[PDB]
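Data first, discussion second: the structure below is written as structure tokens.
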Amino acid sequence: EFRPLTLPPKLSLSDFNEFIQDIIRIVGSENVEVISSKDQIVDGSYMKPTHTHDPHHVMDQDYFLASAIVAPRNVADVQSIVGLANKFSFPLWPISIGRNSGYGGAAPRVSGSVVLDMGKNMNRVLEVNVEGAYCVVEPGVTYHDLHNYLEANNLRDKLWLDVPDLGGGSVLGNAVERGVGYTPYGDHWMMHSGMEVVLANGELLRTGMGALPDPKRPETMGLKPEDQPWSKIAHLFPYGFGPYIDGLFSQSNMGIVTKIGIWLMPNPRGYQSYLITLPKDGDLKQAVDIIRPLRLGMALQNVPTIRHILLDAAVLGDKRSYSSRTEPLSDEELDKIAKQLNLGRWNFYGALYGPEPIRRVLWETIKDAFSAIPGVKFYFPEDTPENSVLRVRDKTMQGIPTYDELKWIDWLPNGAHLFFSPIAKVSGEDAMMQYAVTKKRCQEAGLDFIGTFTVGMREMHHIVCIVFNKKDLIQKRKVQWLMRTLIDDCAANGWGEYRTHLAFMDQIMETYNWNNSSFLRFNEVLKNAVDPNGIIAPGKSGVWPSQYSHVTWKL
Amino acid sequence: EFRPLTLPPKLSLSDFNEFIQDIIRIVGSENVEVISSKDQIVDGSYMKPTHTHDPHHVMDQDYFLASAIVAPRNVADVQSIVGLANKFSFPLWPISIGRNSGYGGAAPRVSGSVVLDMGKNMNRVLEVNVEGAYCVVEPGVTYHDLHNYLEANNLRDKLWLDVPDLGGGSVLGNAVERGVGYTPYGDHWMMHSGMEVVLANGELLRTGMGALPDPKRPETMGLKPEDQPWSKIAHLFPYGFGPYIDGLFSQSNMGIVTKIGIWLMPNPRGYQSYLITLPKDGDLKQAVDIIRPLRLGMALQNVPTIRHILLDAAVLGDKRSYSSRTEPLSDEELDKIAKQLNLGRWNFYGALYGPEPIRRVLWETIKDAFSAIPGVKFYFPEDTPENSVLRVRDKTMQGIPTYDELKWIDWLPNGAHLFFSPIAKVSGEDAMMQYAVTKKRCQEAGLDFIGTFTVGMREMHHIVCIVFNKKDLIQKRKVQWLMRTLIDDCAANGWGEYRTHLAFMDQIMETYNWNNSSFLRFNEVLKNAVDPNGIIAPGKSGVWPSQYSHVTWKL
Amino acid sequence: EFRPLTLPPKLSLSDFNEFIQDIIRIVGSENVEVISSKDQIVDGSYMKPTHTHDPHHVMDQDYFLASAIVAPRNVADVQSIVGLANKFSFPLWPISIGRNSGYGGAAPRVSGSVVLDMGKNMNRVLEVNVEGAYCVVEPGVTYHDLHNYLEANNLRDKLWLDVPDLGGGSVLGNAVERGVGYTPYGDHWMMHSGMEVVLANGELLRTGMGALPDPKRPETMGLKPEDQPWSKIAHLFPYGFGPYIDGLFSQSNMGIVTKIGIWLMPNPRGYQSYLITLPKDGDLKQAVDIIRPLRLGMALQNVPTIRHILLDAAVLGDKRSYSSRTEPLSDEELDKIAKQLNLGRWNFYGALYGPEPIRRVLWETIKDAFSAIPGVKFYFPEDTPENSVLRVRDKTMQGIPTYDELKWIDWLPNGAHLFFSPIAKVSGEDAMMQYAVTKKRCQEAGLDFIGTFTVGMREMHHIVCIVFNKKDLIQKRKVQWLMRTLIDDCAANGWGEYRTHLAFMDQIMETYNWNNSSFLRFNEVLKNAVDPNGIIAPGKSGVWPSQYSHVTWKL
Ligand SMILES: *Cc1cc2c(cc1C)nc1c(=O)[nH]c(=O)nc-1n2C[C@H](O)[C@H](O)[C@H](O)COP(=O)(O)OP(=O)(O)OC[C@H]1O[C@@H](n2cnc3c(N)ncnc32)[C@H](O)[C@@H]1O
Ligand SMILES: *Cc1cc2c(cc1C)nc1c(=O)[nH]c(=O)nc-1n2C[C@H](O)[C@H](O)[C@H](O)COP(=O)(O)OP(=O)(O)OC[C@H]1O[C@@H](n2cnc3c(N)ncnc32)[C@H](O)[C@@H]1O
Ligand SMILES: *Cc1cc2c(cc1C)nc1c(=O)[nH]c(=O)nc-1n2C[C@H](O)[C@H](O)[C@H](O)COP(=O)(O)OP(=O)(O)OC[C@H]1O[C@@H](n2cnc3c(N)ncnc32)[C@H](O)[C@@H]1O
Ligand SMILES: CCCCCCCc1ccc(O)cc1
Ligand SMILES: CCCCCCCc1ccc(O)cc1
Ligand SMILES: [Cl-]
Ligand SMILES: [Cl-]
Ligand SMILES: [Cl-]
């Protein structure tokens, strides 16, 4: 192709063309795709995501967007594309799914970068092992896919998949990002073992036990490395020997991941989702406290989550379908809708897994425990309307993917998500302060507060869901203002964020400045040591290669 | 475009083309302009200046001239043009107006440079603030423009503009040059506060308080830096904190200026221009002495100026309209014309600003003071013919722009100005010696001496106006000879020059050689430290980047 | 000497000794002085300042302190000391007086640095010129000194000195710092012309017209450069030709200054100080507004200043002599003391200079103007008690040095000053907000608010005077907390600070971060370009040489 709408910094159109020309020769035209005009800038749908830019853009739509897209056919092309990238110093921005909405979608930090669609061609479920209770996968496999493969293979009775909400995401893409899931295997990054990745220099590298080579049998001779089998222990024990490098690969530009080992929970032989509606707003506090011990003590098995009232309603309906009002709904109105929906001003969904005797016993403790809360009310999925959010999470908390959840994106007219996600202690006091701070700022911006706590063992990921209409330019600015403000406030009160969208990786990395940004400095050292040319995703997580001046690039 | 008439040193036509090609893609054809042929080399008019070379060329017309011209649309293009310039090592030569005639006009020091017309597109009066009594401006705003904007806005009653003579110049272009003006705010460079400029590396930089960022309001979110607002104090206090760098930006190649804060005098509530004709030639001496104390003591408010007789006549008429003679007019003839015109052999114009009581009082002191001079005669504008130079300066000394002054350029046939401008003490003895030295050399060259002293607090800028016919090649050589000689003589008697034309920046910088050119050496260090590639205006003020050999370049 | 109490980073005692040994050989033992023990750490008196560390230490007393001190005998030694410093990479920290208390005194940013006492030996008033109305000076001359020299020479009738409060400071030390003064020549940095300084490489450099060499007469032959005379125009016109570098020398580590030209106001031939007491606290607001126009309009000639009630009382007496109370005095109590002292809750001191007719006229306007304020009352110095602060400023506003002002340092027991100094618009609204913010934080810290506005043309330097007892460790921490907090708040509201103490140069430079700290980055580039080894005052104004890691050094 000829002329991209925008281009990588410090590069001639004459260069873009030779570069793209060569890629087309490698992956063939079917694979490459240049961004020549506005008609190409379409904001897709979750079902068919756009790989050119951010769908949920708080910023200008055409702000972050690719010079082109390229789907490598397999590892070898990746290695090759990598080498050309080095010759031209062209920036790459890898992605498996493009599903990362509310975090910038497929858009690259630095505009005019070539986006690698790792997913298109490397789509394969490489293995599923019952005894090891794990499977291996390429960037292409979405959760639904895996679920089907288990089901096609009748393996679903043998092993369950853990899943985030919307089931479309890339299993590994979500895992390198350290995304949350609902079953006991909810910590995605925790559950991996052995990875494979292309270095900036294009050299291959397996990790952990991935490194101990499978002995040579006559059948495996001649295989290219990428195609060679892993050793028996690779997917069973993560540590290997010597330094444990895997972390360098999460939320960072250190390299491109090509495959990855992920554990799978053996069917527990028991299950029952449940719900507990908390009547009042302030009940959030005692609730969290009651939970703290139940979590550490293992009463609560999976990653339970406290959901705000609006979140369950948003799934049930549009803001319009409840109030003609154009501003944040009052506490009164909030009390009203819960009455209409049979939910609490806060609602704790979670689950029990195991044989009946364990289940019965835990159920008791849990019910007995939450009773101290005046007005609590316990429902089972059966005990509820056939549309209820509980009837949906019941599948989620058992590895069944769904998409009923996107409906909440629809609260306003032109739906667009944007997640603020600070971390918070498993304390009623801390969780109450955080909620109040996030709420007031939301009110200041004219938006309805909406969110859900996801309970980890010693912490909770507070997920503020900023929905906003993607066409009001003013609203967007307010939103930007909103995010920027919240970040600073939570910072000023000990709260961090575990992930964010492109427009704020820079700001967020600065909050991590203990001892003079020592953490960021150590990274860049690693960064430059590993990728001299800054070819791979510069700016991801705020890490910049020496080539990009922090003055011109930061933001 | 294809082939420039001349080109930058060390560069292939193949390179010029790729470079220009890319610029055309950025600013679009309307903006770029290549110098392909002689028909392009037109010497304009003050009213419509030529951006390709020196209009008043003492040197060969086609000596200093551009390879092309380019008008950036806004800051972003400047940053971009800058980056390409670095890739090719192509020299830039920025300009806002092109109005700098008598100092080489729009012509670049090194030929084949691309000239940046900063003025065309960045034409905006960014702000006018009554309480701060200042305004902000882009390179595009000429004095007339500002005056109109104040007038359109009815603000003229609230704040007055200070102005040099011909009102066409760029307000900032004149200010970075440290040009003189007539009201109390006559020191242009003195009156600025906060600037913005593009470094050779293309990074943006505000200065002084310009650096303290305006807090983030929801309305200002997302704005590109160049478009972001300045903090409240930026334009009110020049110093900021730490080193005061602004000076690196005056009369130098350190960077490109994009906007600048300039003060504005609040309407004084009183005004009356005046004149005092000195009868004899030698009266210059006592006059200067009488003034010295009146300046320090604040009797004389604005920048008054002693004008030679010929200067006022030149405005009134052509040398032809007074004498068929082809050589410098005799003292006798000079005495004659003043009699015809009612002026002295020297004439002191100046002004009073304030309420009547202050005005009356100062007027007394001033009149009483100048009386010691036998034959002095005091006129008010009213007291004079309706063409008188005084009726003109009356507007000048009150911020009203005009253009009546160019008429003096017309003394000879093909008018061309060339300013010699040494500095001189506020002393009758020193001012008399300087005048005599400049005069004799003028006579040696066959030219009529013409000039005006502009009185600063502790010094006077002696401005010799070399008019000469731009077509006599011989006259030109004499002129060159004239300048070269004067520079050395005044040097040999402690006199410096505050500014000059391209053909003598080198010579002039050498006069500043105390301690082995230590001053020049310190600059080049800064120069190279800041612009490794010497992309920005090399040779301006004699400062050369390490790339240009002093042997090949000096002159 | 043998072993310093502390030492420069990255240096062996073996090296310190060879280094010091050599210096002793150059300047001779009388000149050098090593800091071996605690008995050396004495906190002096303003009258006899300590050159080893900070007298007013908010931080630990022995925190910032020298490895030794050295008084160069003259320029040549400076050049020499400089060269050795480069051989060892030993850090220097120059000072003329050591008088900079409330800004860290003589203490260096980086501990174990050698402190250059520029003042001891280079003590000379090099020149006083009546016609040019300026004089020249070495680091050694304090204001009192100059005043005496004018007086000894009977020149006091011919020219007045401008002066800050306490008359002990170095005339140039205060000027490079850009300190404030009271007469019309109150802007110290503004009033200079021509400087001389030693580069990090030890090469000499005159600036401005300083560069144009004085022609060679037989009498001046053979003179070393440092001893050579300046050209006639050097001290009369600051700009010179080409870049105006002087600013690189204010508040920065770019070089050591050895001499400097300073203007002197010709005796005005008229004078009368005055006072106007504002009754209420809130009257600050209308007062500022009434002043704004009087400043721009030139009604108010010199730098007038609005003084808080406590400030005038502190000079009159100890907090003890007014209230046994141990906490901030109430608005009621404040109203009381003013009644006792005959002052307003705010008090505007200022002056008139000129012949009677101008004086009378201005006086009218000023009185008439301030009348709108209910209860205002106008006193002349005569009209007041023989101890009144007005009887003191009357000398200050006429160039007479004094020291009556230190008495205010005595409000608490162990007096120690610490200045917070944000800049503020000449607006009642802006000045009121700033005052309120600074006050509340002061109350939070248990300290009495105390301060004075110093009125510039378009701005006011708000000077918060933090007095605190130098022995309460707790109070100190509160103070540190106080400063840190105020800086951030004023930042968050557009307010900057024009100067500060060592412990906060780093924080203050960070407020200046527009566009990603672009301003700081440009400086360090200049810094390293000019002093490769970071030998000169690293850390001054937060500028660090490449050798000092920002992680280890910042603070
Ligand atoms: C709209 C929404 C989003 C959402 C959610 C609910 C709704 C209504 N619930 C989520 C949940 O419960 N848990 C969770 O982790 N995320 C949830 N989201 C957000 C989002 O939909 C998911 O996180 C989703 O998994 C993200 O998209 P996907 O998984 O497809 O990831 P991607 O588009 O490929 O982006 C991945 C990023 O990581 C880096 N990356 C990706 N692949 C590679 C490879 N091969 N090598 C190196 N780096 C890689 C990139 O930096 C990319 O930005
Ligand atoms: C013919 C004449 C000229 C004249 C005058 C009277 C007559 C009859 N009276 C003047 C006066 O009273 N005071 C004065 O300062 N100049 C007077 N002149 C000379 C001239 O007309 C004016 O000085 C005029 O202001 C100069 O032209 P202009 O103001 O348009 O400046 P320019 O053409 O842009 O050239 C500016 C130079 O400075 C540098 N420059 C300019 N812009 C930038 C930016 N943005 N960034 C960096 N550097 C910049 C260039 O080096 C350029 O050469
Ligand atoms: C306690 C106090 C202080 C004070 C004041 C009232 C009171 C009660 N009133 C002041 C005023 O009205 N205006 C003002 O500017 N300052 C006032 N102060 C503070 C202080 O007393 C004065 O500012 C005083 O002038 C500062 O001390 P001094 O003038 O002696 O300066 P120094 O001790 O030499 O420190 C100078 C700093 O600048 C750099 N420096 C100094 N000399 C050089 C040389 N030769 N070369 C390079 N840099 C130099 C150093 O960085 C040093 O820190
Ligand atoms: C409580 C049900 C969850 C639905 C939406 C979860 C949104 C979400 C999940 C994980 C993230 O890292 C960021 C955001
Ligand atoms: C006395 C009236 C002035 C008209 C012409 C002034 C010419 C001039 C002004 C400023 C310069 O820096 C150089 C030249
Ligand atoms: Cl998802
Ligand atoms: Cl002009
Ligand atoms: Cl002082």
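Residue numbers (the authors' numbering), protein chains in the order written: chain A, 6 to 560; chain A', 6 to 560; chain B, 6 to 560. A prime marks a further copy of an entry chain.
The C-beta atom is built at its ideal place from N, Cα and C for all residues, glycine as well.
Starting from A:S523, find everything on chain B with Cβ-Cβ shorter than 7 Å and list it in chain order. The answer, in chain order, is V556.
Strictly under 8 Å for the Cβ-Cβ distance: is B:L301 near chain A' by that measure? It does: the Cβ of B:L301 has a partner Cβ on chain A' nearer than 8 Å.
Please go through the segment 479-527 of chain B and give each complete alpha helix (DSSP H) segment of 4 or more residues, from N-terminal end onward. With a minimum length of 4 residues, the continuous alpha helix (DSSP H) runs that stay inside the segment 479-527 of chain B are 510-516.
Count the other C-beta atoms from every protein chain shown that fall within 10 angstroms of the C-beta of B:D388, then say buried if there are 16 or more, exposed otherwise. exposed
May I ask whether a heavy atom of ligand 7 can be found less than 7 Å away from the beta carbon of B:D453? It does not: the Cβ of B:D453 is nowhere closer than 7 Å to a heavy atom of ligand 7.
Within 8 Å of any Cβ in chain A', is that where the Cβ of A:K15 sits? yes
Do residue 594 of chain A and A:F385 have their C-beta atoms closer together than 8 Å? An answer regarding residue 594 of chain A cannot be provided, because it is not within the stretch 6 to 560 covered by chain A.
Use the C-beta contact count for A':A421: other C-beta atoms within 10 angstroms, 16 or more gives buried, fewer gives exposed. Buried is the call here.
DSSP state of B:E35 mapped onto helix, strand, coil: coil
Do you know offhand how far A':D536's Cα is from A:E515's? 30 Å
Measuring only between beta-carbons, confirm whether A':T516 sits less than 8 Å from chain B. Yes, A':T516 lies at the interface with chain B (some Cβ there is under 8 Å from its Cβ).
For the pair the segment 293-303 of chain B and the segment 114-132 of chain B, tell me if three or more CB-CB distances fall below 8 Å. no
Within 8 Å (strictly less), CB to CB, does A':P223 reach chain A? yes
Decide if A':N206 is buried, meaning its Cβ has at least 16 other Cβ atoms within 10 Å, or exposed. buried
List the residues of chain A' whose Cβ lies closer than 9 Å to the Cβ of B:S546, in chain order. The answer, in chain order, is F246, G247, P248.
Looking only at its chain, what residues have a beta carbon closer than 8 Å to the beta carbon of A':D286, apart from the 5 residues adjacent to it on each side? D336, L339, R350, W351
Between the beta-carbon of B:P333 and the beta-carbon of B:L452, is there less than 8 Å? yes
Taking a cut-off of 7 Å, which residues have a beta-carbon closer than that to any heavy atom of ligand 6, in chain order? Chain-ordered list of matching residues: A:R104, A:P169, A:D170, A:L171, A:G173, A:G174.
Which residue spans inside the segment 342-420 of chain A' form an unbroken beta strand (DSSP E) run of at least 3? 351-357, 382-384
Can you name the residues of chain A whose CB is closer than 9 Å to the CB of B:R526? Here the neighbours are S554, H555, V556.
Please classify A':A343: is it buried, with 16 or more other beta-carbons within 10 angstroms of its beta-carbon, or exposed? buried
Beta-carbon neighbours of A:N520, restricted to chain B and to distances below 8 Å: Residues of chain B with a Cβ closer than 8 Å to the Cβ of A:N520 are, in chain order, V556.
Any non-hydrogen atom of ligand 1 closer than 7 Å to B:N91 Cβ: no
What is the DSSP secondary structure of B:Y51, counted as helix, strand or coil? coil
Run through DSSP, which three-state label would B:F425 get? DSSP places B:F425 within a strand segment (E or B) once states are collapsed to three.
Taking the C-alpha atoms as reference points, what is the distance between B:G49 and B:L241? 39 Å
Taking only beta-carbon positions, decide if A':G137 is within less than 8 Å of chain B. yes
How about B:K559: is its C-beta nearer than 8 Å to some C-beta of chain A? yes
Does the beta carbon of A':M226 sit closer than 8 Å to a beta carbon anywhere in chain A? yes
Contact between the segment 234-252 of chain A and the segment 190-208 of chain A is defined here as three or more beta-carbon pairs at a separation below 8 Å; is this criterion met? yes
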